[PDB]
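Look below for two forms of one protein chain, each set out as structure tokens: first structure 1, then structure 2.
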Structure 1
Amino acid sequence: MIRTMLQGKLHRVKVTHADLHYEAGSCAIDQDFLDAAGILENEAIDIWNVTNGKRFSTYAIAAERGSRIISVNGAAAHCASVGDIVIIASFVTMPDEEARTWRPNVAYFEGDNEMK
């Protein structure tokens, strides 16, 4: 039996403006943050808005390392405003035997998206 497990998460990051124009429907995320959380470019992600309770799913794309960028682009902009605090999570599947000991990758933040 195959389980769906938390692969990784960005724990309480803030939505920023986008430094560059990104395609609608995606969330652009500083590559440093993707590296820490194990989240891949083009991976399905869930975004849970702690500020307003909204929950939606999209996919990740890399923003430049150091940009600290969390940009919800396009249709997704209907669900998150600049300054909102969100959780970004990806999930993976694996057999039950492996899932029993699985440890997700978590990145924690302080200040203006400064990674602890």
Structure 2
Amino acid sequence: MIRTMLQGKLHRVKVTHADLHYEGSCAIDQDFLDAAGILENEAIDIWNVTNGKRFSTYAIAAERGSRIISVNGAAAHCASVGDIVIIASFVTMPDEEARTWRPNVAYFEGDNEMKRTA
């Protein structure tokens, strides 16, 4: 049988300003995507720690080094600039692989400064 496992997550990133509208997606600095193992166009779950909302959308890449986290445009109702969120992707795999699977986790503080641990 096939398990659904946390692939990776961006832990407590902050939603930022962004000039562009992102058409229902969440735009995410490519560096952050790299660290969490998240792909452009991948389904993602976003858990808003500030307001408690939980929603699902898809990831798009923002410019590397922009530190952008944006639901600007069509997804603006579920998060606001300043809100602290967790962004997760989930993958499927056989049970044996699942049993020793290690998610790709990136932790954030401050001005979306990324760390390997908390």
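Please note that residue numbering is based on structure 1, beginning with 1 at the start of its sequence. Here the rigid core means the biggest group of C-alpha atoms that line up within 1.5 Å when the two forms are laid on top of each other. Residues that one form lacks are left out of the comparison.
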Discussion item. Let me spell it out: fit the two forms on their rigid core, measure each listed C-alpha, and pick the one of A75, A44, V82, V50 that moves 2 Å or more between structure 1 and structure 2. Which is it?
Written reply: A75
Fill in: C-alpha of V106 moved at least 2 Å between structure 1 and structure 2 on rigid core
no
Fill in: Core fit, then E23 C-alpha moves 2 Å or more between structure 1 and structure 2
yes
Item to complete: Look at the Cα of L10 between structure 1 and structure 2 with the rigid core superposed and state its shift in Å.
Response: 0.1
Practice prompt. Could you list, in sequence order, the stretches of three or more consecutive residues moving 2 angstroms or more at Cα between structure 1 and structure 2 on a rigid core superposition?
Written response: 19-23, 73-75
